[PDB]
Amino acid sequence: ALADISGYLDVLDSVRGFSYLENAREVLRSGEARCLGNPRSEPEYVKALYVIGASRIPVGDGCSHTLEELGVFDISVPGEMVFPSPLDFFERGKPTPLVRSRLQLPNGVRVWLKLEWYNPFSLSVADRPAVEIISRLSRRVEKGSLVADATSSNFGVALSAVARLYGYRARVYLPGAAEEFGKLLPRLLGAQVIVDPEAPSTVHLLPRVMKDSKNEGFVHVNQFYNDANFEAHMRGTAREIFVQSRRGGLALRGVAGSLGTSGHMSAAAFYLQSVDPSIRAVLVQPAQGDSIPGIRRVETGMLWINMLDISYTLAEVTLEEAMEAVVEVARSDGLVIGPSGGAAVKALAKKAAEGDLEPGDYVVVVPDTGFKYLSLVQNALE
């Protein structure tokens, strides 16, 4: 029998650790889930169903239910794109678009771009962990409280918009090299902004954010370490790639993407590899010395990509190459993607050129829109 999962969402605040992900993997592998006689007594199984995108739980004795029955494949978007409020727009206005590029890659690699700027608050993939993180906290943190984090730009914008929509104040910390939209748009959205010209990277800033958190008592939502980030992408980004691949008729052979906190690409690789373990994940390594906004090198400390049972391949990409790929996609598709999106197209093209990849459909997650990076666009034009 089926029950509405929204009833059982306290397992989100009681289950800890990654061991529940075994259940998520097996349900996705087998395409079905066993009924729970006492759902309240299996909180790991319930969390696993939420995390893969079920809206209903299987309840009863000996029965089982398919992904489709559990609502993994439910259509959420009203055909007419009308929404009673901004958060309902964020929630129901999904999947984000998956668009075949006209770009031709060597060796039968067909390229599809998943456009994460179609998120309403930061015009970036960072809306999704902001919403899930503030939502989970809205259960236990009193309204009016301050929330804060370190960001490269995007997550701090999404944080400021989302915290305000739920009744919280926000503070964002940024390094001096961050884009101007990152330092300015949070103030527009009513958040306090702290810029460190000394900080060379966003993780550099984490000790200061932690220290100020002890002194002032604000909630440090810590997108680097908060599992709600990874879980937002499992039930959003990754489940969409799966559902979009199936209903789209793609022969999905891999996904490509870039790593900041590593939340969205871990989710993508973990989720799809549960369904089919030969699916590649090609991941961008910014070249040592180079700064590509929003992203960073693996060895510098990433939670999910490291701890989860995920296969991936790295590719080194310089900022110059990322920008040449922004240029090619624009001229080829008329879409203007951000530097980290060009970096992932470039990483996929490298692997294609080397003969490493099966022919088929590859999805590239494009984190944001190039319109936000005019100085780098001007440099690339040269």
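Start at 1 with the first residue shown and count on from there.
Averaged over CA atoms, B-factors in the entry run higher in 193 to 201 than in the other of 75 to 83 and 193 to 201.
Higher mean CA temperature factor between 303 to 311 and 256 to 264: 303 to 311, per the PDB entry. As recorded in the entry, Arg139 carries the highest CA temperature factor of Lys114, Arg187, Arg235, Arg139. In this structure the maximum Cα B-factor among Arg169, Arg102, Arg239, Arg92 is found at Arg102. Annotation for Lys183: CA B-factor lies in the middle third of the chain's modelled residues. Sort the chain's modelled residues by C-alpha temperature factor and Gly17 lands in the middle third, per the entry.
In this PDB entry, the Cα temperature factor of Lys47 sits in the bottom third of its chain's modelled residues, the lowest group.
Sort the modelled residues of the chain by CA B factor and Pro339 lands in the middle third.
Among all modelled residues in its chain, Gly355 ranks in the highest third by Cα B-factor.
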